[PDB]
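Scroll down for the structure; my scribbles are underneath it.
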Ligand SMILES: *[C@@H]1O[C@H](CO[C@@H]2O[C@@H](C)[C@@H](O)[C@@H](O)[C@@H]2O)[C@@H](O[C@@H]2O[C@H](CO)[C@@H](O[C@@H]3O[C@H](CO)[C@@H](O)[C@H](O)[C@@H]3O)[C@H](O)[C@H]2NC(C)=O)[C@H](O)[C@H]1NC(C)=O
Ligand SMILES: *[C@@H]1O[C@H](CO[C@@H]2O[C@@H](C)[C@@H](O)[C@@H](O)[C@@H]2O)[C@@H](O[C@@H]2O[C@H](CO)[C@@H](O[C@@H]3O[C@H](CO)[C@@H](O)[C@H](O)[C@@H]3O)[C@H](O)[C@H]2NC(C)=O)[C@H](O)[C@H]1NC(C)=O
Ligand SMILES: *[C@@H]1O[C@H](CO[C@@H]2O[C@@H](C)[C@@H](O)[C@@H](O)[C@@H]2O)[C@@H](O[C@@H]2O[C@H](CO)[C@@H](O[C@@H]3O[C@H](CO)[C@@H](O)[C@H](O)[C@@H]3O)[C@H](O)[C@H]2NC(C)=O)[C@H](O)[C@H]1NC(C)=O
Ligand SMILES: *[C@@H]1O[C@H](CO)[C@@H](O)[C@H](O)[C@H]1NC(C)=O
Ligand SMILES: *[C@@H]1O[C@H](CO)[C@@H](O)[C@H](O)[C@H]1NC(C)=O
Ligand SMILES: *[C@@H]1O[C@H](CO)[C@@H](O)[C@H](O)[C@H]1NC(C)=O
Ligand SMILES: *[C@@H]1O[C@H](CO)[C@@H](O)[C@H](O)[C@H]1NC(C)=O
Ligand SMILES: *[C@@H]1O[C@H](CO)[C@@H](O)[C@H](O)[C@H]1NC(C)=O
Ligand SMILES: *[C@@H]1O[C@H](CO)[C@@H](O)[C@H](O)[C@H]1NC(C)=O
Ligand SMILES: *[C@@H]1O[C@H](CO)[C@@H](O)[C@H](O)[C@H]1NC(C)=O
Ligand SMILES: *[C@@H]1O[C@H](CO)[C@@H](O)[C@H](O)[C@H]1NC(C)=O
Ligand SMILES: *[C@@H]1O[C@H](CO)[C@@H](O)[C@H](O)[C@H]1NC(C)=O
Ligand SMILES: *[C@@H]1O[C@H](CO)[C@@H](O)[C@H](O)[C@H]1NC(C)=O
Ligand SMILES: *[C@@H]1O[C@H](CO)[C@@H](O)[C@H](O)[C@H]1NC(C)=O
Ligand SMILES: *[C@H]1O[C@H](CO)[C@@H](O)[C@H](O)[C@H]1NC(C)=O
């Protein structure tokens, strides 16, 4: 890429940041209970828990049935001693994809640990606090949790005798209906196929009043640097057991790790408007260019957080680009398109290493040190301001200082090769393909002559 | 649609679902009280209600004057000779659509029931609980409802003498300001034209801590199956009255239904990457094809929820394709477009009726029962794998089992034909336009002579 | 623009509203403290504040360091003959934009007032109420506030001795993790550079349970008409100080004003389907047209709220419109394009000042004064209906009355030109990609002839 020619056409080189992709995740098993274990409220709680039980058993049972169905198709013990592993009975599958097979293999791998955690069902159902830990093994422990367990251990407990029992039953019914609305909201897409659908950690967090940090801390991840504090919205987890007896859900989550792709640097750009042909124009370039070993491609940070120093993505998002755009970035400013604007929010000046790139035709350019106006050149449109002209500069309204030097090439004396203009592209451009069509079927009429 | 040549072009036939959408327009009517009724707080409440009342008086009166204007835009009379009424006022609508006329007919249809509900205004204001059902007639009822009644019947009521009265007044002001912010949030677009704008049941439930099925069970809808349980976001409804003295809003909602359009089957597809020209490609076909008696249309599930077995839409969303797409799906794989990718997240193999469609040029394909590689034929690009080759297949890393049979013919032994790709960013269409600019007078240079 | 031919192609003139732009905002300074001042809880608080402080220091300290680092890059003083201008040291900026320069100038303006507010740090940290005021000067005041100060002044305070101190400590821990997650949620993009990123009042109010007009009333701005009730989602604020001692942020917010651009009228339109060629077609014209002294342009309401009488935007969003669309709106219905629709939710009739535009080919049309049907003319598709034919009209299933007159000339008796249909696919481009290439040999063939 040539920054001098692309600055001649009106694009200024922005920051350079890194690219990091999530990769190599380890697994951790969590358990979530659903039944609010009340021990203090055995005086006045009545039958009303069983209505909540009937409403949650409408969704606990079919998820568990599909979960035991999907783990039933796979088997182990490949024929021959040389070949061994998990075998998917694809005749019993019907239609399946690669990630579904991978999830089936993962569930078959975690079936033994699911049975190991299922051995502690009475330990799961005996908890009376919000979040606590129980000894899974000699070195492993579980992370049982309920957000609403605290709500009938710090709010509804002290009103055990001041307030009437039917009012406690009605308030518990309102809270249970609201919580069942929350579980109904979060396990929406999970109802179709609860094996191949990951669970967002924030969607888990709205079950517990939107506290993602409690799940992050009790899960074990402790973000310390600046880069991992923004990260935490990409933690994925899958359900491995859906037990109906204690009415609990055993899930397996993936602890992320931000690996770094070698040699890939994300380069940003700033687009300014320039006055050509009596109109204001902007070059048509993408904002972000990934560069890796003299190779230009495209990415999208639609799902990626952007730090001050790097681009952090959940997964690699490499998109191809047109070779005409590659020639536009490399040498050919004639191959770069331009669009027109007339709105008031167009930047005309910007700073780059102490060098001002400014359109002086619309912006007032002056030097404070000499008190003389600066005129637009006719060989260029974008006008540079450095310490060669004047140190202390009047641009627009503002006093500024400049610094450094162009380095290699001055685009003031360089020729101008602004390419063809493009228009706006709504469904209007399909109507211009329509009048291109009538021009072409005029030429088809002129073919026969 | 032929699935063998569509498997040759790179598409795999996915699941088949239904289009059981829309239903009978049975309705129901409820009452939304705004001012909460305090009865235990007659000791220490001051006149903190007056600021809330002055805040809501700026809201309630415009909807009331708009609705009485809208009733002034219609009469019935008995003009003509066969017509016994239901005429609209001439030119009093100004600018109006068909849905506005339908809303006019709806208010003229329900004004008698609105007067019937308004006959018990003193019965409306005497409620001191959250949700009540009061008898409209002999076998009829409505639902008067106040979700913040509980918060000043279980939280602010017991602190009547423990906490100081000015602190209760301040906290009451805080929750009144918060709840008035909630009404200002939910009746945002409703303030412009409060007769033709429906009300989302989820945004209505957001006034009540997001307890949707509390409103649903108080309404009367009891979804019992899997398909209708996810449904409940298609309730909707329109306000029929905005009474100022009781400060309440009489709402009319529609009880939905799920009828089935006959013969319409939604078909899913899986698009895999194939290695042609030393490059990775995918075919360009839409994901869902609706088929009804040899008729292909297009749909968009931008709002429709997807069940495990069918598609639930609020309303029919039929779209067409080009006839070139119809020939692409029927017989012409040369008319099916393609796209080039280089990203890592491209699946290359999938399963369909125990038959593997695999890109073995990039995927390791072996038979574990015989320990031999599976090689790509030069005639095919996508490899069919069944039990005729080998029962246990190594694909990728995984042991899998195949089964069933082929189905008519195979896609491997068929001829393959392909076409050019194209993308967005119409600067290439701009160069094509300049090509037309030079081309049309490239024609009229040396035709004759 | 005409409305006779434009309704003859099927577009009906909607309401005419105004255009207003937010302009000239003044500045007011607020302060936001973050450490919850507990005074009643000195009996049982333990050291749970220390973990919250350790969590929030990693956010507070680098924001303050970046703020003072950006503060160092601007200097004042006289550049020889010029008096002042706040000279920006451009060597200490790297790459900067115009908005960043304006923000640096804003903080250079606000350093003195930030120091004046920072002189009352012990006054800031001593507040034990939710929202209260302190005297900044003889005529200026500050607006120190918390949404969660009340929560440990009305909820956790009365359970000082009834509930155990470790349960109070755990409840405070859970609520502090939840609120620390709230600050991590709202200050997401602010951590990259906390000077150039504006702060929305909505996400700020999300820290205080979504009570927007509590913040608005503490600011002092008050809405009084219909147009300012919907306005309230566009308040812009910027960080001016990030003090780590009392752990508070001094913020400067911009109280706005809705200025009116003169002569600009936003025109809406209603597009109906018309039956041509045995099929339903939809004309392709934009819904909104801004007209200002015979000047058509394009706008987008992607962020602008729409009131009953005007358009309220955060900033001007004028876009150029095509000269082919200028011929479409002025004279040439051939330039007005079309598309082919088949879905059932297409309106075919509408009312405009007692003028019925009705496609009577698909809609039943009658006059029950005479009890006869109304037929379709061959010279037009859209049916003109006024009181000259019959004053009381039957359209579809609805019985209406009309008035007024035609409007200059009737839109039924003329003949209008037509545009071609379009689609939403790049297939056409690929067609031409080889088409013009094939027709190129044909052009030379004409030359050969
Ligand atoms: C999940 O897998 C289990 C285990 O069965 C094994 O896997 C199947 C896929 C087949 O390949 C089996 O041959 C294989 O053993 C299946 O559970 C089994 O279900 C059957 C009924 O389908 C049960 O038989 C019943 O048993 C008693 C006998 O007294 C009577 O009630 C009935 O007469 C009937 O025969 C059987 O006990 C049960 N268990 C075992 C170990 O075979 C299961 O069908 C399968 N699928 C699902 C969806 O759960
Ligand atoms: C909505 O409609 C009511 C009812 O009036 C009926 O509908 C109107 C659209 C017109 O077609 C009327 O002719 C028709 O009766 C309107 O309320 C009426 O408003 C008028 C004033 O516009 C009232 O007249 C006043 O009455 C007393 C007489 O002592 C004095 O205060 C005034 O001198 C004045 O004459 C009238 O009483 C009232 N009611 C009726 C039954 O006619 C209403 O104006 C209309 N529009 C709106 C915007 O509310
Ligand atoms: C922000 O600015 C302050 C003020 O410094 C002034 O502005 C800077 C932008 C430069 O132009 C300075 O020349 C100018 O004075 C900076 O504080 C200063 O930091 C320096 C170190 O960077 C301190 O020097 C130290 O001082 C003592 C001397 O006994 C010893 O510890 C060291 O040997 C060392 O020399 C200096 O005292 C201090 N104050 C002043 C008034 O200069 C500050 O660093 C700067 N930037 C940031 C990121 O905070
Ligand atoms: C409440 O429950 C706790 C925990 O089980 C127990 O220690 C306490 O004694 C109970 N109190 C009453 C009054 O039941
Ligand atoms: C593009 O640039 C190359 C050198 O980088 C040059 O040879 C070529 O002619 C240019 N093409 C244009 C300006 O169209
Ligand atoms: C640009 O070229 C001019 C002559 O046109 C020359 O005076 C000037 O020094 C050049 N600038 C450079 C090489 O930076
Ligand atoms: C293109 O033009 C031809 C000839 O006028 C017309 O028949 C055809 O429908 C048009 N096609 C498209 C896709 O615009
Ligand atoms: C509180 O209100 C309820 C319901 O109206 C009533 O039964 C009760 O007596 C009231 N209590 C007091 C102390 O006013
Ligand atoms: C595929 O075609 C080949 C010849 O090209 C033939 O030998 C083979 O039997 C065919 N397989 C089918 C029809 O399944
Ligand atoms: C290209 O330009 C104009 C429109 O700008 C068009 O009318 C003309 O036919 C085209 N060709 C030439 C040779 O100008
Ligand atoms: C609680 O704090 C308030 C306000 O500072 C004070 O008036 C009151 O005495 C305190 N009460 C106790 C029990 O400490
Ligand atoms: C466009 O309209 C003008 C008058 O406004 C007319 O002279 C001209 O012929 C029209 N052009 C068409 C229909 O192509
Ligand atoms: C429409 O044209 C007819 C002649 O075809 C004429 O009689 C009639 O008055 C016209 N209507 C107008 C101009 O409104
Ligand atoms: C059409 O011709 C142009 C110019 O030679 C070429 O760039 C383009 O690839 C061709 N398109 C096809 C599909 O052959
Ligand atoms: C497919 O069949 C159609 C006729 O139905 C034909 O026009 C097309 O060329 C065929 N596909 C080929 C040979 O590319």
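Quick one: label points 7 angstrom along Cα→Cβ at residue C:410, distances to the other copies in nm, smallest first?
Label point to label point, same position, other copies: 7.2, 7.5 nm.
Taking 7 Å along the Cα-to-C-beta vector as the label spot, tell me the residue B:72-residue B:255 distance in nanometres, rounded to one decimal.
Label-label distance for residue B:72 and residue B:255, simple model: 3.7 nm.
Extension gain residue C:89-residue C:109, at 0.36 nm per residue separation less the Cα-Cα distance, in nm?
Length gained between residue C:89 and residue C:109: 5.6 nm.
Students often get this wrong: which residues of the stretch C:219-249 have the backbone nitrogen under 18 Å from the point 7 angstrom along Cα-to-C-beta of residue C:118?
Only C:238-249 fall inside the zone, counting backbone N under 18 Å.
Taking a ≥ b ≥ c as the square roots of the eigenvalues of the Cα gyration tensor of the stretch A:1-98, is the shape rounded (a/c under 1.5), prolate (a/b larger than b/c) or oblate?
Here the stretch A:1-98 falls in the oblate category.
Label position 7 Å from Cα toward Cβ: report the copy-to-copy distances for residue A:341 in nm, one decimal, ordered from shortest.
3.3, 3.4
Give me the one-decimal nm value for the distance between modelled label points at residue A:388 and residue C:300, 7 Å along each residue's Cα-to-Cβ direction.
In this crude spin-label approximation the distance works out to 3.9 nm.
To the nearest whole number, what is the average tally of beta carbon atoms from other chains within 10 Å of the beta carbons of peptide A:441-448?
Across A:441-448, the average partner-chain Cβ count within 10 Å equals 4.
Hull surface divided by four, with the convex hull built on the Cα atoms of the stretch A:194-328: how many nm²?
Spelled out: convex hull of the Cα atoms, projected over all directions, averaged, 12.9 nm².
For the stretch C:67-135 and the stretch B:203-269, write down the distance between their C-alpha centroids in whole Å.
When both Cα centres are located, 53 Å separates them.
Peptide A:80-86: average number of partner chain Cβ atoms within 10 Å per residue?
4
Which one of A:380, A:369, A:78 has the biggest mean-square fluctuation once chain A is modelled by GNM with Cα springs under 10 Å?
Of the options given, A:78 has the highest mean-square fluctuation.
Beyond 18 Å, what share of the Cα-Cα pairs of the stretch B:285-413 is found? Please give it as a whole percent.
Considering the stretch B:285-413, 67 percent of its Cα-Cα pairs are separated by more than 18 Å.
Give, as ranges by residue number, the residues of the stretch A:132-175 whose backbone N falls under 17 Å from the point 7 Å along Cα→Cβ of residue A:125.
Backbone N within reach: A:145.
Quick one: A:132, C:438, fewest Cβ neighbours within 10 Å first, how do they rank?
Lowest to highest Cβ neighbour count: C:438, A:132.
For the ranges B:423-430, A:225-232, what's the packing order if you count other beta-carbon atoms within 10 Å of each residue, average per peptide, and put the highest first?
B:423-430, A:225-232
Just check chain B against the gyration tensor rule for me: Cα atoms, a ≥ b ≥ c as the square roots of the eigenvalues, rounded for a/c under 1.5, and otherwise prolate or oblate depending on whether a/b exceeds b/c.
Prolate.
For chain C, what relative contact order do you get, as a whole percent, if you take Cα pairs closer than 8 Å and at least 6 residues apart?
Normalised by residue count, the contact order of chain C is 22 percent.
Provide the three semi-axes, in whole Å and in decreasing order, of the ellipsoid equivalent to the stretch A:287-351 as defined by the square roots of 5 times the Cα gyration tensor eigenvalues.
Semi-axis lengths for the stretch A:287-351 are 25, 20, 12 Å.
Every other copy gets compared here: list the nm distances from the residue B:261 label point (7 Å along Cα to Cβ) to its counterparts, shortest first, one decimal.
Here the equivalent label points are 4.1, 4.1 nm apart from this one.
What angle do you read, to the nearest 10 degrees and between 0 and 90, between the alpha-carbon axis of helix C:165-186 and the longest principal axis of chain C?
Between the helix axis and the principal axis of chain C, the angle is about 50 degrees.
In the stretch B:356-430, what is the volume of the convex hull around the alpha carbon atoms, normalised per residue and reported in Å³?
139 Å³
Modelled label-to-label distance, residue A:132 and residue C:203, 7 Å Cα→beta-carbon offset: nm?
Rounded to a tenth, the inter-label distance reads 3.9 nm.
Using only helices, what value at 222 nm comes out for chain A when you add -39,500 (n - 2.57) per DSSP H run of length 4 or more and divide by the total residues, to the nearest 500 deg cm²/dmol?
-8500 deg cm²/dmol
Distance from a point 7 Å along Cα→Cβ of residue A:397 to each backbone N in the stretch C:81-116: keep the residues under 13 Å and list them by number.
Flagged as within label range: C:85-86, C:99, C:101-110.
Can you give the average number of partner chain beta-carbon atoms within 10 Å of each beta-carbon in peptide C:211-219, as a whole number?
4
Highest GNM mean-square fluctuation, chain C, Cα pairs closer than 10 Å: which of C:62, C:79, C:391?
Looking only at C:62, C:79, C:391, the biggest GNM fluctuation is shown by C:79.
Evaluate E = 1/(1 + (r/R0)^6) for residue A:196 and residue C:82, where r is the Cβ-Cβ distance and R0 equals 51 Å; express this FRET efficiency to the nearest 0.05.
Calculated transfer efficiency: 0.15.
Given the convex hull of the Cα atoms of the protein assembly as shown, what is a quarter of its surface area in nm²?
Its Cα hull, projected and averaged over all orientations, spans 60.2 nm².
All Cβ positions, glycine included, derive from the backbone under ideal geometry; neighbour counts span all protein chains shown. Read-outs throughout are calculated quantities, based only on the coordinates presented, and are distinct from any laboratory measurement.
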